[PDB]
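Remarks on the structure that follows.
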Amino acid sequence: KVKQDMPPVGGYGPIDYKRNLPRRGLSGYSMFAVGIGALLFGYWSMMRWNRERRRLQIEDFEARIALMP
Amino acid sequence: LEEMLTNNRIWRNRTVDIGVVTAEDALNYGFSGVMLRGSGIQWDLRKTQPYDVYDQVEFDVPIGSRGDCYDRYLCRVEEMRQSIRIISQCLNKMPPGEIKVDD
């Protein structure tokens, strides 16, 4: 008969050993640019809302002071 | 795993300069292994004194210049990868001769 030992048609195809750890492109300083940007949004909006809340504050004190007598 | 570690500020910043070794010192203390690998003093038994057909297959050993115990880690890693190379080429080269000697 023939022999049943293993090796097949040669090569088993290619195999990739070498190291790969790629792909993060979002990082220049521009990460700072987007974060600091987010701050620049927060202070804008929050500024507005605190102004509004002061307006309400004066209005409430007006309620009280009109009550006082 | 290499993304799991290796640029982790924690693991690195825990092991960086801890337990370094001078090459000649390692020789006197007789360290043989990833020690000599990762700290200078390029040496291997696999390359220098081949004990079997393990001579033939191609691959390359890592080293490190900081002797820093971090180098030794990365050297173990790269030896795993090179081990993959050797396994591959071995799967390609396997002769169908026989198992035991004939005596």
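Chains: A, B, ... in order of the structure tokens. Residues: from 1 per chain. Ligands: from 1, in order shown.
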Taking only C-alpha atoms into account, what are the residues of chain A at most 9 Å from chain B, put as a PyMOL selection string?
chain A and resi 3-8+10-12+14-19+21
Residues within 10 Å of segment 54-56 of chain B, please, as number ranges by chain. Count only C-alpha atoms; anything in the same chain fewer than 5 positions from it doesn't count.
B: 46-49, 86, 89-90
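Atom CA of residue 39 of chain B is positioned 10.7 Å from atom CA of residue 25 of chain B.
If you measure from each of B:10, B:5, B:36, B:99 to residue 66 of chain B using only C-alpha atoms, the closest one turns out to be B:36.
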